[PDB]
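Structure first, commentary second.
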Amino acid sequence: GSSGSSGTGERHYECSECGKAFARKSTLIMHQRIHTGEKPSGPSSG
Ligand SMILES: [Zn+2]
């Protein structure tokens with residue numbers, strides 16, 4: 001039925017942005033953030 005390991009379930013989600021493989025799906029999302037942001041600015045301040 002809907003139960004029974006019958007082996008392993010390696011589910012590594014890679015980042016379509018860089019290509020980094022993670023263990024959890026959500027985790028990857030949090031990472032992708034690094035990409036979207038840090039917009040390019042001329043006058044470096046901070
Ligand atoms: Zn990435």
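Every chain in the structure tokens has a letter given in the order shown (A, B, ...), and although residue numbers restart at 1 in each chain, ligands are simply numbered from 1 in the order shown.
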
* Spatial neighbours of residue A:14, 12 Å, only C-alpha atoms, chain gap at least 5 places, as a PyMOL selection string -> chain A and resi 19-29+31-32

* Give the helix (DSSP H, G or I) residues of chain A, as assigned by DSSP on the backbone, as a ChimeraX atom specification. => /A:25-32

Using C-alpha atoms, can you write the selected residues to a file as a PDB file, in the first residue's frame?
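Saved file selection-v2.pdb follows:
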```pdb
ATOM      1  CA  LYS A  25      13.030  21.426  -0.998  1.00  0.00           C
ATOM      2  CA  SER A  26      12.188  24.478   1.111  1.00  0.00           C
ATOM      3  CA  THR A  27      15.865  24.907   1.982  1.00  0.00           C
ATOM      4  CA  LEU A  28      16.762  25.416  -1.679  1.00  0.00           C
ATOM      5  CA  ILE A  29      14.188  28.202  -1.956  1.00  0.00           C
ATOM      6  CA  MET A  30      15.743  30.087   0.958  1.00  0.00           C
ATOM      7  CA  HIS A  31      19.081  29.781  -0.841  1.00  0.00           C
ATOM      8  CA  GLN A  32      17.882  30.952  -4.257  1.00  0.00           C
TER       9      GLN A  32
END
```

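Reported to one decimal place, the separation of atom CA of residue A:16 from atom CA of residue A:35 is 10.9 Å.
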
Per DSSP on the backbone, what are the strand (DSSP E or B) residues of chain A, as a tab-separated table (two decimals) with C-alpha atoms, in the first residue's frame?
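Result written to states.tsv:
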```
chain	number	residue	atom	x	y	z
A	13	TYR	CA	16.84	19.45	-5.21
A	14	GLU	CA	19.43	21.36	-7.24
A	21	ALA	CA	22.14	20.37	-4.49
A	22	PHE	CA	20.19	20.46	-1.23
```

* Tell me which of A:46, A:38, A:15, A:33 sits closest to ligand 1, counting only C-alpha atoms and all ligand atoms. => A:15

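Interatomic distance, atom CA of residue A:18 to atom CA of residue A:36: 12.0 Å.
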